[PDB]
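Consider the single chain below, provided in structure tokens and representing the form deposited in one PDB entry.
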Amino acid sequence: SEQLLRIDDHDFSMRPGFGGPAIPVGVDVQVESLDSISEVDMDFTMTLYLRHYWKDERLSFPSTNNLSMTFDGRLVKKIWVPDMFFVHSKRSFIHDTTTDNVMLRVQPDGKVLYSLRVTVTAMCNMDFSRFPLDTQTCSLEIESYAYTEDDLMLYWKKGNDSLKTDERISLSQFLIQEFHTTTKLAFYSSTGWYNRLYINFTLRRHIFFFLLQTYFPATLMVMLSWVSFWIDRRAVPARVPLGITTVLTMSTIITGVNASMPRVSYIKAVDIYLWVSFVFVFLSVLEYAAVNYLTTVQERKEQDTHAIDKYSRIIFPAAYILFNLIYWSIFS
């Protein structure tokens, strides 16, 4: 094998066909798993198989079998091999247990297949201002490092059919949909033009979990705060603790929701809901102070429900309804 190929009779720092046109190289990918997601750092981790095809007649051998052979890794450092890399990546590695996950098959003609197994972490810019009703889209990019479109030609081996995805892929916090591929040509100011391949996909959440954990308790709190309009205004020590305890409860809920968020420092769509229900509860406590002050001054002036109570009984819910209509018209 090491003899079948005239390894010492050629020069492999030289791309196959240095001189005239660019070498065609064709790519095939199969995704094994998506491993983790960070919302704070804005990135994701994926593990896949990567395959390459090309022809190099320096590697042809005399056999009659019309069938391929096999090598692994050691030969990659003797021969010439392409040099793809992952664009917009934070870290990556190739697996090496119990030996290097690298495969090499060569036919009599010198046609070649070359394959690896890798894990990549790759950046994805996200926007959380519609949280928890956001949708995100991410991508993985592949490019040649050293050779430009004048020396190497990059393309998907079988067009739209060059991506395969494993059956058992899932996340404990997301739903994954819409895998597909595309291409684009890209330019560097000090080095030139290159071809680039993409893999795209889309993410969404489970909205009912967030509904019950956040929107439901605050609504029950705002509804608890309307009870005070139906209690006798003469019962001061039963109308005064109620409001302030309700404020305490709502502040506890809001604090509890703040101590578990992914810690991204700009205003999002649930913060608005929570702070508006805080303001409603606060107004309910101003109301009864108005009523008490007026009843007391009347008592002093002289020496039945109050108008403000029987008006609040109507006004407060209608305005909560009006707020909910507008809010869900804006975030749908």
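Throughout, we count residues from 1 along the sequence that is shown. The term rigid core refers to the maximal set of C-alpha atoms that superpose within 1.5 Å between the two forms.
What comes next is about the form deposited in another entry, which does not appear here.
Taking the core as reference between the shown form and the other one, the lone member of 150, 232, 161, 96 whose Cα moves by 2 Å or more is 232.
Shown in the overlay between the shown form and the other one, fitted on the rigid core, is a CA shift at residue 256 of 2 Å or greater. Once both forms are fitted on their core, the CA shift for residue 17 between the shown form and the other one remains under 2 Å. Annotation for residue 40: C-alpha shift under 2 angstroms between the shown form and the other one, rigid core superposed. The pair residue 264 and residue 170 is at least 3 angstroms farther apart at the CA level in the other form than in the present model.
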